[PDB]
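Here are the chains, one letter per residue:
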Number of protein chains: 2
Amino acid sequence: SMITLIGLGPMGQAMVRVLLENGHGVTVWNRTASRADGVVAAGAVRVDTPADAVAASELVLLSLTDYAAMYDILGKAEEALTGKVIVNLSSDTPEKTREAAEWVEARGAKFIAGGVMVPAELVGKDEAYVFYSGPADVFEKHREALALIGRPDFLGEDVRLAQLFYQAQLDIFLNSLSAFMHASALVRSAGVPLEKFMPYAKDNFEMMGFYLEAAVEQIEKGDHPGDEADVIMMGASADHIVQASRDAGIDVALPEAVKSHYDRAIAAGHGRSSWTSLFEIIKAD
Amino acid sequence: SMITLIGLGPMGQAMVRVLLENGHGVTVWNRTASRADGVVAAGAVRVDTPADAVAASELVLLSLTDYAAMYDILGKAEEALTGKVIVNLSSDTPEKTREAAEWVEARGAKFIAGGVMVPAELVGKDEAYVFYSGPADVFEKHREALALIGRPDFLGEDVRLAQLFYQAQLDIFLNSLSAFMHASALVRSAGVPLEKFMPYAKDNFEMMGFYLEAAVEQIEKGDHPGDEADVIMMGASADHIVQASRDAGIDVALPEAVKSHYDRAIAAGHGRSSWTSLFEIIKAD
Ligand SMILES: NC(=O)c1ccc[n+]([C@@H]2O[C@H](COP(=O)([O-])OP(=O)(O)OC[C@H]3O[C@@H](n4cnc5c(N)ncnc54)[C@H](OP(=O)(O)O)[C@@H]3O)[C@@H](O)[C@H]2O)c1
Ligand SMILES: NC(=O)c1ccc[n+]([C@@H]2O[C@H](COP(=O)([O-])OP(=O)(O)OC[C@H]3O[C@@H](n4cnc5c(N)ncnc54)[C@H](OP(=O)(O)O)[C@@H]3O)[C@@H](O)[C@H]2O)c1
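Numbering of residues starts from 1 on every chain and follows the written order of that chain's sequence, so it may differ from the entry's own numbering; residues lacking coordinates are omitted. Chain letters start at A and ligand numbers start at 1, both assigned in the order the entries are written. Each side-chain value is worked out from all heavy atoms of the structure, with water and hydrogens disregarded. Residues with missing side-chain atoms are left out of burial classes, side-chain pairs and their counts.

Going by the annotation in the PDB entry, the name recorded for chain A is Imine Reductase, with Amycolatopsis azurea given as the source organism. Within the Protein Data Bank, this record goes by the title "Imine Reductase IR007 from Amycolatopsis azurea". Its UniProt record, at the heading Sequence similarities (unreviewed entry), says of chain A: "Belongs to the HIBADH-related family." UniProt positions are given in the numbering used here, feature names are shortened, and annotations may be inferred rather than shown by experiment.

Written out as structure tokens, the structure reads:
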């Protein structure tokens, strides 16, 4: 049961290993031949060329930093893409994802977009899930295999959907990392150790589920009551974090961006509305 | 025991109600006399003047949008402050918090800073905790009372500590709300309802604790291994969220701020380091 995988970053590697562990034969190629050494030891079969990698399997998985990478690699293997199934598990733009769907299918391949929503350490484990979008019939044919990487959430036949859901998750995630480090940087400025603050940050993030249901209701109904907490008070909070950041001499870009949401809401007259009203100035009309 | 409280936002109100529920007499004043109606019904006693509010109790709690508000109000009760204990549960800057400590003590009162780390709906419940800082001996005298609002976490005698820990929490929190709304705004741009995405966002936030321990270790040791996930790949992710945001016509300030962290890390040569390396570019010189 030979499946190909191209791109042997942590993810590519962790995926190749799960495919090998569950009986499948796995052909690999990577720009840096020597990164494959570990998985080749485990049972994978390295090959000289990207075309050889594509020719080896029906199913071809890509784990690459961006879609530009798909073009650099598959560009040296076009004649062999015919009859094949590209599953691209790379981050890039939804718009660039569709543009990619069209190029691979013009070269005669079926294209599915995927987004893996776990670190490599948890690929193949219980917490693992993967956004997928594109041909439902082709996805079904290879579901059993892809299901090993993590729980497949098929979103629809619009190839952009998985990428859009991936960018959306990482929007929150990269924000939470940057926010965490920013808040930590504020406390370390006054000489507090990170280990004394981290438990509070943990609770902070773990408590987010409490707010999210009321938030979705308020946002979809355009109903933003400030009774519990208004944009004037939370705008002031944003102003304080910015000014504390300048006082401490840490980064101001991230808190100035949060303040800008409150500033635009205030300008739009949502002073007395719920913080959910920020959605009105964030969204596309 | 009569405890005074000034500022009858949702917080002030929820705190007054808990004090009344646990036997305490509560004197109130507010710039907007009619906001007291609810708590006066519940048992509180409104008074004409801020000076009267201060004179009524040993312990005086402030729940105000900012510290500037404390000055406007307590400014009309300067003579009345001798012997009193101000607990300021308002957001403002650590620097403005100390400057306030000194102003209050100059007028013969003890000053404690506090940060309440729950919404009004959870004041007095299990999840409730409150950062406190200032004189430990004065804090002990009034601990039993304040303990009702939420679990008191006394940080130290540096009055700024509670404010610093509050700003830090809201730094992450306001970021998480803005990120959540931003990601949601991306999904609604392609016409997906927010109810389809919210469960994934909930899991995303609930999963933050997994990364935070490894993060603190890597940050405090200046040890940033990229083996599992490097700043080149996560910088590219940030670029994708920004470009998807421009494509969708939503806010770009928040993702452009996250991208700016990755861009500065890359500039500092941390391309191949862990995302924890962003801390090097966020932290003070
Ligand atoms: N890191 C995580 O925990 C995680 C989790 C979920 C999803 N993801 C996403 O899934 C993918 C996993 O990436 P990763 O962190 O494992 O690795 P990465 O650092 O993004 O790079 C992975 C692969 O991309 C190749 N590559 C990049 N640009 C190329 C180009 N122009 N030409 C040829 N090859 C190119 C690399 O070649 P070399 O090895 O030769 O450099 C490598 O094999 C990414 O798209 C990421 O956004 C990551
Ligand atoms: N709400 C939350 O979820 C939350 C979370 C934790 C803690 N906090 C913090 O607790 C404080 C109050 O919270 P909140 O949202 O309930 O209240 P708020 O909306 O910020 O205002 C509360 C009180 O401040 C008074 N006030 C504001 N500016 C004033 C001024 N210049 N002169 C006189 N009175 C003034 C208001 O008087 P009026 O009634 O006349 O406007 C009101 O009684 C803030 O520092 C906030 O950041 C809020």
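Now, onward.
Enquirer: So what about the overall build of chain A? Which residues, and what values?
Expert: In terms of helices and strands, chain A carries twelve helices and eight strands. Based on the C-alpha atoms only, the size of chain A along its principal axes is roughly 60 × 45 × 30 Å. Pairs of residues are marked as contacts when any of their non-hydrogen atoms sit within 4.5 Å. Within chain A, residue pairs in contact and separated by at least 24 positions form 61% of the contacts whose partners lie at least 6 positions apart. Where helices and strands are cited, they refer to DSSP runs of H or I of at least four residues and of E of at least two residues respectively, numbered from the N terminus.

Enquirer: Please provide a residue-by-residue account of the site of ligand 1, values included.
Expert: Residues are labelled near a given molecule or strand when at least one of their non-hydrogen atoms is within 4 Å of it. Within the structure, ligand 1 sits among 27 residues, and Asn30(A), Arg31(A), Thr32(A), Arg35(A) and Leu64(A) are positioned closest to it. Ligand 1 is flanked by residues contributed from chains A and B. Polar contacts here mean pairs of N or O atoms no more than 3.5 Å apart (in protein, one a potential hydrogen donor and the other a potential acceptor; neighbouring residues in sequence count only if both atoms are side-chain atoms). For ligand 1, a nitrogen atom lies 3.1 Å from a polar atom in the side chain of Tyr166(A). We get accessible surface area from the Shrake-Rupley algorithm with a probe of 1.4 Å; when it comes to residues, only the shown protein chains can shield them. Protein chains bury 89% of the 900 Å² of accessible surface belonging to ligand 1 in isolation. Taken together, the elements giving at least two residues each to the shell around ligand 1 come down to helix 1 (10–21) and helix 4 (67–74) of chain A together with helix 10 (231–248) of chain B. When grouped by side-chain class, the residues that make up the shell around ligand 1 number 13 nonpolar, nine polar and five charged. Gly is placed with the polar residues, together with every amino acid not listed as nonpolar (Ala, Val, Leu, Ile, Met, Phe, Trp, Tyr, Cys and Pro) or charged (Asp, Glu, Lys and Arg).

Enquirer: Go over the site of ligand 2, please, and point to the residues and values.
Expert: Taken together, 24 residues form the shell around ligand 2, and within it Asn30(B), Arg31(B), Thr32(B), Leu64(B) and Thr65(B) come nearest. Near ligand 2, residues from chains A and B are present, making the site a shared one. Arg31(B) has a polar side-chain atom sitting 2.5 Å from an oxygen atom of ligand 2. In this structure, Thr32(B) approaches ligand 2 through a side-chain N or O atom, which is 2.3 Å from an oxygen atom. Computed on the free molecule, ligand 2 has an accessible area of 870 Å², of which 89% lies beneath the protein chains in the complex. Here the residues of the shell around ligand 2 sort into twelve nonpolar, eight polar and four charged.

Enquirer: Which residues make up the interface of chain B and chain A, and what are the values?
Expert: Counting from both sides, the interface comprises 103 residues of chain B and, opposite them, 102 residues of chain A. Note on chain B versus chain A: buried area summed over both sides is about 9300 Å², and carbon and sulfur give 72% of it. By definition, a salt bridge exists where a carboxyl oxygen of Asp or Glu is found within 4 Å of a side-chain nitrogen of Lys or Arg. Counting every contact that joins chain B to chain A gives four salt bridges. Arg188(A) is the partner of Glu220(B) in a salt bridge, and the nearest nitrogen-oxygen pair spans 3.6 Å. Accessible-area loss on putting two parts together, using a 1.4 Å probe and summing over both, is the definition of buried area adopted here.

Enquirer: Any chance you could break down the domain arrangement of chain A for me, citing the residues and the numbers?
Expert: All names here are of chain A. For each domain, the first and last residues come from an automatic or database assignment. Domain assignment breaks chain A into domain 1 (2–156) and domain 2 (165–282). Centre-to-centre separation of domain 1 and domain 2, based on C-alpha positions: 36 Å. On the domain 2 side, the residues contacting the nine residues of domain 1 number five residues. When the two sides are added together, the surface that domain 1 and domain 2 hide from each other amounts to roughly 560 Å², 72% of it contributed by carbon and sulfur. It is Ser91, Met117 and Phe131 that lose the most area in domain 1 upon contact with domain 2, and together they represent 56% of the buried surface on that side.

Enquirer: Could you give me a rundown of the relation of the copies chain B and chain A, with the residues and numbers involved?
Expert: A least-squares fit on C-alpha atoms is used to superpose the copies onto one another. The operation relating chain B to chain A is a screw motion whose rotation component is 180°, with 0.0 Å of axial translation and a residual RMSD of 0.2 Å. Such a combination of turn and shift is consistent with a two-fold rotation axis. For chain B, the smallest separation between a C-alpha atom and the rotation axis is recorded for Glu206(B), amounting to 2.3 Å. A share of 99% of the interface residues of chain B reappears at the interface of chain A, consistent with the copies meeting face to face through the same patch.

Enquirer: Go over the sheet that holds strand 1 (residues 2–6) of chain B with me, naming the residues and quoting the values.
Expert: Residues and elements named next belong to chain B. DSSP bridges decide pairing: two strands pair if at least two such bridges lie between them. The strand order 3-2-1-4-5-6-7-8 describes an open sheet built from eight strands, whose pairing is mixed. A single partner strand is all that each edge strand has here, and the edge strands are strand 3 (45–46) and strand 8 (151–154). In this sheet, strand 6 (residues 110–116) lies alongside strand 5 (residues 85–88) in parallel orientation, the contact comprising four bridges. Bridge pairing links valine 85 to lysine 110 in strand 6. Packed onto the sheet, helix 5 (residues 94–106) meets strand 5 and strand 6 and runs at close to 145° relative to strand 6. Note on method: axes are straight lines fitted to C-alpha atoms, helices fitted across the in-contact stretch only, with angles between N-to-C directions ranging 0 to 180 degrees.

Enquirer: Describe helix 11 (residues 253–267) of chain B, with residues and values.
Expert: Every helix has an expected span of 1.5 Å times one less than the residues it contains. Taking 1.5 Å of rise per residue, the 15 residues of helix 11 of chain B would be expected to cover 21 Å, and the 20 Å separating its terminal C-alpha atoms lies within 8% of that figure. Exposure is judged per residue with a 1.4 Å probe applied to protein chains only, and the accessible area is read against the type maximum: over 50% gives exposed, under 20% gives buried, and values in between give partly exposed. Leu254(B), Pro255(B), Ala257(B), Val258(B), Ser260(B), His261(B), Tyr262(B) and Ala265(B) are the residues of helix 11 of chain B that are buried. The secondary structure elements touched by the buried residues of helix 11 of chain B are helix 7 (160–189) and helix 11 (253–267) of chain A together with helix 7 (160–189), helix 10 and helix 12 (278–282) of chain B. Once helix 11 of chain B ends, the next one or two residues include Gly269(B), with phi positive near 90°.

Enquirer: Give a description of the sheet that holds strand 1 (residues 2–6) of chain A that names residues and reports values.
Expert: Note on sheets: strands pair through backbone hydrogen bonds, and any given pair is parallel or antiparallel. All names here are of chain A. Read from one edge of the open sheet, eight strands run 3-2-1-4-5-6-7-8, paired in mixed fashion. The open sheet has two edge strands with one neighbour each: strand 3 (45–46) and strand 8 (151–154). In terms of strand pairing, strand 4 (residues 59–62) meets strand 5 (residues 84–88) through four bridges, oriented parallel. Across the sheet, residue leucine 61 finds its bridge partner in strand 5, namely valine 87. Packing against the sheet, helix 5 (residues 94–106) makes contact with strand 5 and strand 6 (109–116), and its axis sits at approximately 150° to strand 6. Sheet contacts for helix 6 (residues 136–149): strand 1, strand 4, strand 5, strand 6, strand 7 (129–133) and strand 8; angle to strand 8, the most-contacted strand, approximately 155°.

Enquirer: Before we move on, could you go through helix 8 (residues 198–206) of chain B and cite the residues and values that matter?
Expert: Within helix 8 of chain B, burial applies to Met198(B), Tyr200(B), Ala201(B), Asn204(B) and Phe205(B). Seen along its axis, helix 8 of chain B keeps its buried residues to an arc of 155°; they face one direction. For helix 8 of chain B, the secondary structure elements touched by its buried residues are strand 7, strand 8, helix 7, helix 8 (194–206) and helix 9 (209–220) of chain A together with helix 7 of chain B. The arc refers to the directions leading from the helix axis to the C-beta atoms.

Enquirer: Quick one: what's the story with empty space enclosed by the protein, residue by residue and with numbers?
Expert: Looking at the largest cavity, its volume works out to about 30 Å³. If you trace the largest cavity, you find it lined by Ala238(A), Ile241(A), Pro255(A), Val258(A), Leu170(B), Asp171(B), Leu174(B) and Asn175(B). A total of four residues in the lining of the largest cavity trace back to one element, the largest contributor, which is helix 7 of chain B. The distinction between a cavity and a pocket rests on a 1 Å grid over the protein atoms alone: a 1.4 Å probe fits inside a cavity but cannot get out, while a pocket stays open yet meets protein on both sides within 12 Å along at least five of seven lines, and a residue with an atom within 4 Å of a point counts as lining. Grid points are joined across faces, edges and corners, and a volume is the space filled by probe spheres set on the points.

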